[PDB]
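Before any comments, here is the structure.
Number of protein chains: 2
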Amino acid sequence: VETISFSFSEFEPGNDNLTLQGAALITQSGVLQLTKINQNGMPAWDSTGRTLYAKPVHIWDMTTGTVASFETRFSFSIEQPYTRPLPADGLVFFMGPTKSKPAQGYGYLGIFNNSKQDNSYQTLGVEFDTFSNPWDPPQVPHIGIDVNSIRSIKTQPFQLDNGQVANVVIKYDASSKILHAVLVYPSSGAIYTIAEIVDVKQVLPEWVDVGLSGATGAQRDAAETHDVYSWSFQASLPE
Amino acid sequence: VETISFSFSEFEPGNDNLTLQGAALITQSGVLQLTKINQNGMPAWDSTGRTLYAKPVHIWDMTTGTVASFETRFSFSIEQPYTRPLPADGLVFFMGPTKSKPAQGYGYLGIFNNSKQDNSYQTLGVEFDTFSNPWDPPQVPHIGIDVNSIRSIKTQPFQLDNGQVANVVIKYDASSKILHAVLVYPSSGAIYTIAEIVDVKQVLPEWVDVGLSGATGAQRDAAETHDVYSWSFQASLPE
Ligand SMILES: OC[C@H]1O[C@@H](O[C@H]2[C@H](O)[C@@H](O)[C@@H](O)O[C@@H]2CO)[C@H](O)[C@@H](O)[C@H]1O
Ligand SMILES: OC[C@H]1O[C@@H](O[C@H]2[C@H](O)[C@@H](O)[C@@H](O)O[C@@H]2CO)[C@H](O)[C@@H](O)[C@H]1O
Ligand SMILES: [Ca+2]
Ligand SMILES: [Ca+2]
Ligand SMILES: [Mn+2]
Ligand SMILES: [Mn+2]
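As you go down the protein sequences, you meet chains B and A in turn. Under the deposited numbering, the residues of the first sequence are numbered 1 to 239, in order. Under the deposited numbering, the residues of the second sequence are numbered 1 to 239, in order.
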């Protein structure tokens, strides 16, 4: 059985097990800031940042025809300090081609180049979208399962607890091909769940990079924070 | 689209919207005790209790072939006061034939007569099993999805936060036929998730009773508490 597994109770500058891209930064206090925060403490607009695990993970194998089961957990907080305009854009957990660089920002969240449904993206993501683009449902924020497109195949509205930490658990069972994600707000006790069928074998390449990406709006002050406090990942490829 | 929906922030004695069977009792303080508790505050062994919603719900319809989507949420606490013998047996959220009476106790949790997988049982349950019977995996407690049998088709171990309150969310999506359940322990922040594919129209009858059932062990002190503090349910049948 081939297994990959990492865990971060917190983050520390320089940890060579993490690849930072764009605005992604690790404060001295241990928190990972995906998008830029000005020195006055306010989140900056027109910002995009991502963090990947330095090592690719074997998600499935052609020869044997088997696919791995995985689980990831992380905590984050989104703070929307401005009244107007509307905050943007959200953050995502994603698995895609190895050696990837940041794509388009804003509504694309740093992982897509446009709103097309294109299988060549070979990307899977679970988004926490805070801005309603023309391809989004009217409700925001919302959890969404993204398969080769920013236009989610499944969506679940949730209420933001401004500035509070949320716990996320994303799990994939190769057996039934079910991807189930859950979001919890310890502060209010709120629990959100979402599940959909995803055939990883038809979406992702055999090896993929796993990471987190966040982005702020395309206009002045259409921004919010995208802070991550911890992150763990585990995958098991049978045989 | 016929919809059924109820919610109990707390329980009140006499409320004719709930059917109590076996040992099930509602205290003056508003908590629902599925299994018996002696006057000295200790849980009694050899006890079985169930609570059914007083009205059947329409889960699917032959005519149209449409099946409903539902969601249920409840809070409970299991307290295992004795060191030995091992505590038993657990509690279940279940849907089954209407006008039913409690079945066998102990490991059968009051909803099955034996461990046989039989379609005539027409019972679906999400269990929180605290005792490992011959048909159970070695780990307890565990969440299990029961389809016409006490021998779960899917199992997920979880760590009991003895005596503390747990929040449960069980959701079923007719579209994908996915049953996803999540258990959360506010006290420790633990989050457990489990999901499996279940085709409700090949398992349950058109109309069903929805309820909660709990049971304590077959020998002295093989007992624990099975208290429920709140419970809500909702189902939507298209057309
Ligand atoms: O306001 C936040 C959103 O901006 C959208 O882009 C807008 C832009 O803000 C506006 O000035 C003008 O250029 O129209 C654009 C729409 O194409 C982003 O697309 C959206 O993701 C948010 O960032
Ligand atoms: O001890 C709790 C478990 O008891 C099991 O039944 C036992 C019984 O306790 C023992 O005295 C003897 O009769 O063997 C039985 C096994 O068949 C229950 O089956 C189990 O559910 C627990 O309640
Ligand atoms: Ca969006
Ligand atoms: Ca058992
Ligand atoms: Mn979206
Ligand atoms: Mn069991």
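C-beta: ideal position from N, C-alpha, C; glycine also.
task = Buried or exposed for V147 (chain A), please, with buried defined as at least 16 other CB atoms from any protein chain shown within 10 angstroms of its CB.
result = So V147 (chain A) counts as buried.
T27 (chain A) versus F74 (chain A) - alpha carbon distance = Spanning the two alpha carbons is a distance of roughly 17 angstroms.
Chain-ordered chain B contacts of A195 (chain A) [CB-CB under 8 angstroms] = Near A195 (chain A) (Cβ distances below 8 angstroms), the residues of chain B are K171, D173, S176, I178, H180 and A195.
query = Tell me which same chain residues have a C-beta within less than 8 angstroms of the C-beta of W207 (chain B), skipping the five on either side of it?
reply = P56, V57, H58, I59 and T98, listed in sequence order.
message = Which complete beta strand (DSSP E) runs does the segment 131–194 of chain A hold, if anything under 3 residues is left out?
response = Taking 3 residues as the shortest admissible run, the segment 131–194 of chain A contains the following complete beta strand (DSSP E) segments, listed from N- to C-terminal end: 142–147, 154–157, 165–173 and 178–185.
inquiry  = If I measure Cβ to Cβ from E10 (chain A) and keep anything under 6 angstroms in the same chain, skipping five residues before and after, which residues do I get?
reply    = Around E10 (chain A): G30.
task = Reducing DSSP to helix, strand and coil, say where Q28 (chain A) ends up.
result = Note: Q28 (chain A) maps to coil in three-state DSSP.
query = At a CB-CB cut-off below 8 angstroms, which residues of chain A make contact with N167 (chain B)?
reply = Those within 8 angstroms of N167 (chain B) in chain A are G189 and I191.
ask   = Whole-angstrom Cβ separation of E127 (chain B) and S152 (chain B), contact assumed at under 8 angstroms?
value = 7 angstroms between Cβ atoms; contact.
message = Less than 8 angstroms separating the Cβ of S152 (chain A) from some heavy atom of ligand 6?
response = For ligand 6, at least one heavy atom lies less than 8 angstroms from the Cβ of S152 (chain A).
message = Let me see if you follow: with CB-CB separation under 9 angstroms, is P238 (chain B) close to chain A or not?
response = No - not a single Cβ of chain A is within 9 angstroms of the one on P238 (chain B).
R220 (chain B) classed as buried or exposed, judged by whether at least 16 other C-beta atoms fall within 10 angstroms = Its Cβ having fewer than 16 others within 10 Å, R220 (chain B) is exposed.
inquiry  = Within 10 Å of its beta-carbon, does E12 (chain A) have 16 or more other beta-carbons around it, so buried, or fewer, so exposed?
reply    = Exposed, because fewer than 16 other Cβ atoms sit within 10 Å of the Cβ of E12 (chain A).
ask   = Name the chain A residues that come within less than 7 angstroms of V184 (chain B), Cβ to Cβ?
value = Within chain A, the residues near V184 (chain B) are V184 and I191.
query = So what's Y106 (chain B) in DSSP terms, helix, strand or just coil?
reply = Three-state result, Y106 (chain B): helix.
request  = Look at the alpha carbon of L204 (chain A) and the alpha carbon of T155 (chain A), and state the distance between them as a whole number of angstroms.
outcome  = Cα to Cα, the separation comes out at about 21 angstroms.
Counterpart residues of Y53 (chain B) in DSSP-defined beta bridges = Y53 (chain B) is bridged by DSSP to B:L18.
ask   = Taking all protein chains shown into account, do 16 or more other C-beta atoms lie within 10 angstroms of the C-beta of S188 (chain B), making it buried, or fewer, making it exposed?
value = Taking a 10 Å sphere around the C-beta of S188 (chain B), we find fewer than 16 other C-beta atoms and assign the residue as exposed.
query = Hey, how far is the Cα of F76 (chain B) from the Cα of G211 (chain B)?
reply = Their Cα atoms are separated by approximately 14 angstroms.
task = Using a threshold of 9 angstroms, state whether the C-beta atoms of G217 (chain B) and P134 (chain B) are closer than that.
result = Not a contact, by the Cβ cut-off of 9 angstroms.
key: Span separating the alpha-carbon of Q21 (chain A) from that of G14 (chain A)   = Annotation: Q21 (chain A) to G14 (chain A) spans about 13 angstroms, alpha carbon to alpha carbon.
inquiry  = With a threshold of 9 angstroms between beta carbons, is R73 (chain B) in contact with chain A?
reply    = Yes - at least one Cβ of chain A is within 9 angstroms of the one on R73 (chain B).
Identity of the residues DSSP links to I37 (chain B) by a beta bridge = Answer by DSSP bridge pairing, in chain order: B:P43.
Per-residue DSSP class, three states only, for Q122 (chain B) = Three-state DSSP puts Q122 (chain B) in coil, outside helix and strand.
query = Which residues does DSSP pair with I78 (chain B) in a beta bridge?
reply = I78 (chain B) pairs with nothing; no bridge assigned.
query = Which residues mark the beginning and the end of the beta strand (DSSP E) in which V92 (chain A) is found?
reply = Under the DSSP assignment, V92 (chain A) falls in the beta strand (DSSP E) whose first and last residues are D89 to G96.
request  = Spatial neighbours of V92 (chain B) within its chain, please: CB distance less than 8 angstroms, with the 5 preceding and 5 following residues excluded, ordered by chain position.
outcome  = The answer, listed in chain order, is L109, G110, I111, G125, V126, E127, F128, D146, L212, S213 and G214.
query = Who are the near neighbours of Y192 (chain A) in its chain, counting only those whose CB is closer than 8 angstroms to its CB and skipping five residues on each side?
reply = Cβ within range, chain order: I143, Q156, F158, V182, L183 and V184.
ask   = Just how far apart, CA to CA, sit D16 (chain B) and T123 (chain A)?
value = When only Cα atoms are considered, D16 (chain B) and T123 (chain A) end up about 52 angstroms apart.
ask   = Considering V200 (chain B), what are the terminal residues of the alpha helix (DSSP H) in which it resides?
value = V200 to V203 is the span of the alpha helix (DSSP H), which, as asked, contains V200 (chain B).
query = Quick one: Cα of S7 (chain B) to Cα of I78 (chain B), how far?
reply = Going from the Cα of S7 (chain B) to the Cα of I78 (chain B) covers about 22 angstroms.
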